[PDB]
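Accompanying notes for the structure given below.
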Amino acid sequence: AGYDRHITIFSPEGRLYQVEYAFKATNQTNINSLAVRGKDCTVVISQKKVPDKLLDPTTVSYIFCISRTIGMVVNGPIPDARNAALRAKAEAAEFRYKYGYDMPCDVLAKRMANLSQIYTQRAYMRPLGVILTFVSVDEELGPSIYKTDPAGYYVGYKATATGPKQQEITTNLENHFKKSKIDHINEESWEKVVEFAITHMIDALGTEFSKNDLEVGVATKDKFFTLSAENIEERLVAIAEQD
Amino acid sequence: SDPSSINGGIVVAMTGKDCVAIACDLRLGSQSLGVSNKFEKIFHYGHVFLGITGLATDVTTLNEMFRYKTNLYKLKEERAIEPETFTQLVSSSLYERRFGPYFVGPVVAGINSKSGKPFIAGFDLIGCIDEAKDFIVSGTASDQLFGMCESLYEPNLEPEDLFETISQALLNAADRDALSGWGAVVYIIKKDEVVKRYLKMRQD
Amino acid sequence: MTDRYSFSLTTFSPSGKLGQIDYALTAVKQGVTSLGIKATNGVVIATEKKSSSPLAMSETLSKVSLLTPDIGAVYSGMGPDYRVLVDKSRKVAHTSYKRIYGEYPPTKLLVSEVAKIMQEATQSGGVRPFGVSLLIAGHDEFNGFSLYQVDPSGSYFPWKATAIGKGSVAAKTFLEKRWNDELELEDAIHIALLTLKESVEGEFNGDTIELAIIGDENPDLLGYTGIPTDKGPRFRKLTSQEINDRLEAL
Amino acid sequence: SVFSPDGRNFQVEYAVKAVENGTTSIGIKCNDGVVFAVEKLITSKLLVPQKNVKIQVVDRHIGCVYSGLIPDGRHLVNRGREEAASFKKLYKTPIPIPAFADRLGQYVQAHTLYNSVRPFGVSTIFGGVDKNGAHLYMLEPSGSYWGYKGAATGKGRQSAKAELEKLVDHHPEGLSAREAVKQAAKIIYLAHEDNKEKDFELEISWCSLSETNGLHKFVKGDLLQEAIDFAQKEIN
Amino acid sequence: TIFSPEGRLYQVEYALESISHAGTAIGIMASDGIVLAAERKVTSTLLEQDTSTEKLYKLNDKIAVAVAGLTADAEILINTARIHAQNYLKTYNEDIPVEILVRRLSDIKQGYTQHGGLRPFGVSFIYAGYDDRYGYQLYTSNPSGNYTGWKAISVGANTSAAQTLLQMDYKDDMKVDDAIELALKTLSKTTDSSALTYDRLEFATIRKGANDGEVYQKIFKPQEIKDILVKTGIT
Amino acid sequence: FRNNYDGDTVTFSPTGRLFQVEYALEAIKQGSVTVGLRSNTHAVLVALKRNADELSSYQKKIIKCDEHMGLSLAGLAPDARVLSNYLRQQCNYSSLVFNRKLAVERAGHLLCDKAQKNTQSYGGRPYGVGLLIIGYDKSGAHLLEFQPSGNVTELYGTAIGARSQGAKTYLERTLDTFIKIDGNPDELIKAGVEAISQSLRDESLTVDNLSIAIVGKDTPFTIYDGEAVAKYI
Amino acid sequence: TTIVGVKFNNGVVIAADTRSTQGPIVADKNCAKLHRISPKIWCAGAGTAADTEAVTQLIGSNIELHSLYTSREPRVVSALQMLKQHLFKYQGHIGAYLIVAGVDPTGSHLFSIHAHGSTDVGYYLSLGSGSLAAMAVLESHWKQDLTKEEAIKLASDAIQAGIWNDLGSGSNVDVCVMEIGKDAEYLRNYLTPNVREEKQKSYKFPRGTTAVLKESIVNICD
Amino acid sequence: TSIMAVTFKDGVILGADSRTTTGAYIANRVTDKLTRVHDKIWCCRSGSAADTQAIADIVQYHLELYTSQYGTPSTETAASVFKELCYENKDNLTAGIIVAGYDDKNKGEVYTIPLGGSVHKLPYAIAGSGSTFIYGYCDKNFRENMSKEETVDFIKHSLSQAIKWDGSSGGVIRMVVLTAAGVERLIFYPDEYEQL
Amino acid sequence: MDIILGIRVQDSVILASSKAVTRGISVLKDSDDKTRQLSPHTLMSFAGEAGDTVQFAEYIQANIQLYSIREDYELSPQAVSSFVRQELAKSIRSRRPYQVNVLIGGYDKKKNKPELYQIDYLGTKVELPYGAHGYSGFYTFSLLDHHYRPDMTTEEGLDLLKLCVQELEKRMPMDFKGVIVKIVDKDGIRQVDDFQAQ
Ligand SMILES: [Mg+2]
Ligand SMILES: [Mg+2]
Ligand SMILES: [Mg+2]
Ligand SMILES: [Mg+2]
Ligand SMILES: [Mg+2]
Ligand SMILES: [Mg+2]
Ligand SMILES: [Mg+2]
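Chains as they are written, first to last, in the entry's author numbering: chain G, 6 to 34, 34A, 35 to 143, 143A, 144 to 179, 179A to 179E, 180A to 180D, 184, 184G to 184H, 184M, 186 to 218, 220 to 240; chain I, -8 to -1, 1 to 36, 38 to 105, 105A to 105C, 106 to 122, 122A, 123 to 179, 181 to 194; chain A, 4 to 102, 102A, 103 to 147, 147A, 148 to 200, 202 to 209, 209A, 210 to 217, 217A to 217B, 217D to 217P, 218 to 236; chain F, 13 to 180, 180A to 180F, 184 to 199, 201 to 206, 206B to 206C, 207 to 218, 218A to 218C, 219 to 241; chain B, 13 to 63, 63A, 64 to 144, 144A, 145 to 200, 202 to 204, 204A to 204B, 205 to 216, 216A to 216B, 217 to 218, 218C to 218D, 219, 219E, 220 to 239; chain E, 4 to 60, 63 to 180, 180A to 180F, 183 to 204, 206 to 207, 207B to 207E, 210 to 233; chain H, 1 to 91, 93 to 105, 105A, 106 to 187, 189 to 223; chain N, 1 to 70, 72 to 92, 94 to 105, 105A to 105B, 106 to 181, 183 to 187, 187A to 187J; chain J, -1, 1 to 90, 90A to 90B, 91 to 105, 105A to 105C, 106 to 181, 183 to 193.
Written out as structure tokens, the structure is:
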């Protein structure tokens, strides 16, 4: 155990092991999430696992409402997740106060990536073991997905997936966009874009879901919101009548 | 009293055909008492000229400050500062002291060593730029100077003629102000050379 | 709350090496190639868009950045380190120069300020050097066109042409063979594209290559008319289509 | 601030060992409130009965109990009180329980970001009544917290959780404040099974909409005696 | 900053160790001027000679330095030195005496040697200046913050060889043109390269300024070095 | 397990232990014995003072905190001074601001919280002293025991320091007797001195060995040393 | 000073006069009071001249950095929010009074800012000692849905009211047009109705007129 | 300035005139004095325009933050944030604010925060220089549980009287209706309300 | 008020300073030396506010002496006067400005010329053939405008000074109790001990 394993200084290879180890922490919760863009919306799906029957299921969540327009799904342990959520909210509220308009998705993402970059460079801060997926319908850019990781890296996606079985879902989606040739789901209502996401999660993970197995966030022009079990129940019935 | 009145003094700059001129009086006073017959108010940094009127302690200080900053400039940039740029550096330096200002009325003259165009400018005590192409005036006899200049001035004057005009402007405006005068120095500036003349004037 | 590493994390070793600077340079080596070439009437900087995922949209991640209207940059090494250096470089062009002389800094000076920011990551307590090398290309009235390299130590050197990152030794070779003091900007772009092909694994089109110039003033990019002595940025990021057009006659 | 090669924080995991080491404490959510109970190990006949209180109040409506390093818990409650005062000052309303949860949450999590601090050596069970019902929470040394139908921590956590699971099963339709108090006495008596070599004192508190007016009060006198008897009867 | 059992400062020693790999720099003081010559680090055809300064820096109008070590470290020190000279000029209306500037810079270096847990600056300087008190002057400073005065001196690689060669050929009555010759001979002999060509040198003088009574710093341009390399017979 | 884990108070052992704190606890066990006990009307501290030499003073173990409160120390003496000065201030602040005598219980909480911050801050040590705090407040006589871990418990009686286990077993045995000595200071002191006896491999406790303090219903906290203790040996 | 701002169907226009004064005296007969915050957001100021230029350059600089940071065109509401927060902080001590107008991705905008940090929105506005003369022209001729040409006419006429009736305003009219589609057009000296008449006589002196004491050439070089 | 807020059967209405003056000069005849700090929490401002805008901007910031973290804030919470800002900085603020809002629990509420920074919960509230002339009319004509149309009438009548007498008041009457239905903006031009 | 005159002849600079210290209605002392030697060849005289006067002088003296020892060298009159000016110029914008006016008289050894500097509390510096602070200037400047010659001897300069003091003794309302006179030339600084009736 040298110092190059314990703090964010370079190893002789040019690597930063603490950053690399922080990426490992993201899967620690064994949850898979995926995000897709509709024609005028953006949808995020995440598995919802409640092992203990002593838990109040309503309080178990990895999706956060950052602002009126921006949602965030987190892959990683809850405490680090809530640290990033709180900060993002504060940054979102501050941006609006100082600049007189709502903070865009991509701009909040860039800012959260910049915070992460600092923990990558300063010794006394550890990175956070989380990957952050930001979604909205940007007033200037249309539906948007931006994802940040412990490296301070971020980019925009047509669609994306995160978690242990990230690859299954990625290739599933890559295969879809290979066929359709466009960079979104050609569909008007968000209800149908949510159904699509659930379907392609089912085929990629080879698993059926009940209403309590899922967690859904929807971002439309000027609101991001989450679905309750019943809006999800209604969505599961719709997919069931054909597939 | 009013800090811009304690010591006296005037500065005027004019443009001509391929030249600039800048002049000042030589008086340094303490209210009614004239103290110094040799107090110059024009300075230069490379080919950039700066006259300053107002409180003499700030005249001296700002010369020292602009020597400092142009010296560093030349070292980092490996060229002498140009009139346009220097003007901006005066502005922001004065504005930096917005709520504790230097009580001065600076005046910038010079020729751009690349484009060759004559350049003059003026500032209030907090660094607001007066961008005028004909003449700029400053000091306890500025009303008298504005009058003289607005009457005597015409564009595109030959250096030898521009000399007469700026001298006459200064001399006669000086003589209507109790706190200015006591000698006068005039700089005629061309891209290639600079001539400096001490004028004969009323010593009262 | 409150740092326990108030000492330099880059210290000297018995042989005189500064380990963390070396290790950071190793990080640059592992990075995607980027290059700059200087012509008589312009400078070109180019690099490869090595995409993380095919599901990602690579236009939402620019490796080439405008620093001032007349200065642009590109890098090899760690992306996030670049991104923050760009923010700070842009800010420092304002705080240290534009807010003082009312004009944008000449290239060597902005480069000098970036170099300072990286130098400090080498000496201050509790930090590691930046894991990048930058190529900074620009123009200014009195110095003309220029290209500079800046390394994690804070050193900079002016280049006629150079490459950094992966295939940099081969590419520097290819450039020494091709460069001369009579090149037009079109020639330099052509040479830049060729040099980059030896480095590029996959597809080689205007969607996977990122290329910007410091050329003549673009008055159509200014955003306003009226002031005739304001002529527009010299920095111009070439479009996907403009690239593909020069790959057909390549 | 140190991640292991597989993405763990060993220091936090060791902090948990100090919690597992502590006295057992519990919290039960009823149809209109919350009940907290804790095991006070009587080390010696010299300890004054009823006079070494563990359950702490935050504001007027929140109860807190913890297992692990007791001082660490008082440090947290102190912080919780400062954090709730500040909320009330700006917003006039008493701090909602979820809002309070995250306050503690972020504080605890903060103590796992920096090499110059150690994580807290407690798990805290807390909650109370707000604008929209009863809330019960449990908070680990990592800063992880969730809502709970029922919660236990410390030495007797395993048998306590087993009893909590039974209640959730036999009573989906609610469960009263008065009943939950009794059950708390029972569950603490059963969980005391491990540490049976030393004697123990019971401590219960509750916060009920209809029983305490949404204020946190200590269970004392006849109600405590009733709940003790129920537990002593259901142990034999 | 700590001491070894030998009463040596580890980090200072290792800094000096680093400097002995840097291009050699030579300073020679004559009666009517000073010479600064230094060898650039093994470059390339594509390096822009014209717009490059890695070893020679103007401090004010009367003082220059030759650098051996980390350039970035040196730029940090050079900039504060420049500022210090301007403070002096503002305070006294006199150009700073060479020693005063040298002592200050040396004191900054010394500070890193004694507190703060920051690494020292990996830099050694050769200062070449003129002032109305000591005339022409040559000084050297290194990461310890020690400084000494010289008639001729070198820093960086091969100082051992270069010092011995300078010791042998230097004489007190030398004109500057003689000192230009000595410096280039000495670099020629101590180089680790096939030949000493113009593209691998930086060169400067501080003369009595053509014809005047004042002092002129001449930083040699590339083409000028090429000529002065022919005159001295190394082509 | 005990290896790389006892460097500072900011490190847990794989067992969940804080060794620095455990080592601070050992400085107590090393110190000279002192006993505290109370009835409903009074509370008593009895302390065995320790000289360095037969030419030296027997160093003080008892410090007064307010008119209604004081403590005995066992461990690092300088740490007791720092903690009692703070306790003196907290008692002071209570009087000045609220015209209120600080509850003995609240004194306990304040000490606990102060010790705690030193068990969690880098580059600072835990306190290395044990304390026995007695007072008479608005709910009568109290005795507290303070451990540098921050643990404070209210008791009827106790003892801390070397060989204290004897007295602690004694008081455990005598519980029902001494709790009832109401309105008789001299008998409660007698039981205290007798309790401290079960902790002597030392000797015959002398006029200079012994330090007694009392507080109660109508007696402010007062210290007895020398001739004034003679009547108890 | 007379500055105005008028909204039209497809954008916004600002205009000002070209006179600066030191009390009763005219310092610059043709100065530019129209300032750029970003390419499509422009600014006119009255009050302490230095304050209005400085607050314009400060906020202009920070808006450039925001624009680069965010990859977006600068918005007028950001220029406004930053100006007002800055001005407020200084409780009126920075005597800047500003009409700020521009087009951004959300449309066209016209705002006023007062030195204490209050703002208002409108379709037509004026500031400066000349404001009442121009406001009376605006209140007489402003209609909803003006064309570009009608807007330029109206704004130009308002500035003339100030030029002719307010002793604080004079000389020429500058205009800036900001249409939603196009680049902003700055029209320096749009009108020049105050040409100085030729003087009656030439005052050029015969050479030698001025008496000289001593003389010497000055060195620039080194 | 004439400003008021009235609670009625279904919610709350806010009204204001649209005149702003520096001296006897009308700087703005069409000011919007009704300021939203949350979907269904609005306020009326009086006093220094700079002060009340800066305050409103800060409150809106605090309630956006509140909402991200804790959900929808009560009107009481809005009022408290205003008070806090107004009380704590009473030495450098001339600010008179009326806070009005609607949620589903507490229904329609009005709070008034005058110059000192004190808070007052009231069935209706008037403020601004023009309010002084309508104290008698308002006290005489206000009833609890009025219909929407009745309330618009009361505000319209009151503010016309205030506009008639106070030279600092005038222009149009703006209103904002706050109910379960949502949010409604109203305007009334001089030719309507003068004829009353 | 306080009298502080100075005159630069060809080979020296003479300073003359009033000897009275007056507070209210009482003359507390009549042998006050309003001077500090800055270096072997530089003299400073001062007048102004009661405390600040000496405090400023001794402060300057400490600094110049420190320089001399650190450099084993004596600053030129011109350099000392710039250091003094800057100190006063910083002082005028501080919380409580030094209200002190000074004359600096020095013999520059490098140039072989005497030099006189007049500096007011604002930090206004000027090099002069003769100068004065306070009201005394209102009489002496015109006197010396008539009487002074650039090529005067040290003895001729003392005569000119004897004229200045006579005038002030005739016309000034205050009794300043004569002056202490000090010469600064190539051999350093010396006091003319006979002036009161010489
Ligand atoms: Mg780190
Ligand atoms: Mg750390
Ligand atoms: Mg004037
Ligand atoms: Mg005159
Ligand atoms: Mg548990
Ligand atoms: Mg007019
Ligand atoms: Mg009215």
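C-beta: ideal position from N, C-alpha, C; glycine also.
Reduced DSSP secondary structure (H/G/I, E/B, other) of H:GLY47:
strand
Using the Cα positions of E:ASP71 and F:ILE197, report the straight-line distance between them to the nearest angstrom.
As the crow flies, the alpha-carbon of E:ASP71 is around 40 Å from that of F:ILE197.
Residues of the region 58 to 74 of chain G in Cβ contact with chain N at a cutoff of 7 Å, in chain order, please.
From the region 58 to 74 of chain G, only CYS69, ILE70 and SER71 have a Cβ closer than 7 Å to chain N.
Nearest-angstrom Cα separation, counted from A:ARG179 out to G:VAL78
Distance from the CA of G:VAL78 to the CA of A:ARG179, rounded to the nearest whole angstrom, comes to 50 Å.
Residues of the region 135 to 162 of chain N with Cβ closer than 9 Å to any Cβ of chain G, in chain order:
none
Helix, strand or coil at A:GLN150 according to DSSP, with G and I counted as helix
strand
What does B:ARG144 touch in chain J if you count any residue whose Cβ is under 8 Å from its own?
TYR72
Between G:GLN23 and ligand 1, is there a pair consisting of the residue's CB and a ligand heavy atom that are separated by less than 7 Å?
yes
Flag this pair as yes or no: are the beta carbons of G:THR163 and G:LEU38 separated by less than 8 Å?
yes
Integer-rounded CB distance, given that H:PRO105A should sit under 8 Å from G:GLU171
About 39 Å separates the two Cβ atoms, so there is no contact after all.
Identify, in the order they occur along the chain, each residue of the same chain with its Cβ nearer than 8 Å to the Cβ of I:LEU115, setting aside the five sequence neighbours on each side.
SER(-5), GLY47, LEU87, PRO94, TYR95, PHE96, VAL97 and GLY98
Can you give the beta carbon distance from H:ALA134 to H:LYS40, rounded, assuming they're within the 8 Å contact cut?
That belief does not hold up - the Cβ atoms of H:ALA134 and H:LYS40 are roughly 24 Å apart, past 8 Å.
With a 10 Å radius around its C-beta and 16 neighbouring C-beta atoms as the bar for buried, classify B:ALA204B as buried or exposed.
Exposed.
With 7 Å as the limit, tell me which residues of the region 86 to 115 of chain B have their beta carbon closer than that to any beta carbon of chain J; keep them in chain order.
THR102, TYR103, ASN104 and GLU105
Limits of the beta strand (DSSP E) - the one that H:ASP17 falls within:
11 to 17
Taking DSSP's pairing of strands, which residues face J:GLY103 in a bridge?
J:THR41 and J:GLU109
Considering H:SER112, what are the terminal residues of the beta strand (DSSP E) in which it resides?
107 to 113
Members of the region 49 to 69 of chain N that neighbour chain H once the beta carbon cut-off is set at 9 Å
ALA49, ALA50, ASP51, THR52, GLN53, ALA54 and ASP57
With a threshold of 16 other CB atoms inside 10 Å of the CB of G:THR34, please say whether the residue is buried or exposed.
buried
Report yes or no: is there a C-beta of chain I within less than 8 Å of the C-beta of A:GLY104?
Cβ-Cβ to chain I under 8 Å: yes for A:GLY104.
Could you tell me which residues DSSP puts in a beta bridge with residue 207 of chain J?
For residue 207 of chain J there is no data in the structure shown, the boundaries of chain J being -1 and 193.
Where the alpha helix (DSSP H) through N:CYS44 begins and ends
Taken as a continuous stretch (DSSP letters only), N:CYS44 belongs to no alpha helix (DSSP H), being part of the beta strand (DSSP E) at 41 to 47.
Along the beta strand (DSSP E) that carries I:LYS186, what are the first and last residues, could you check?
184 to 189
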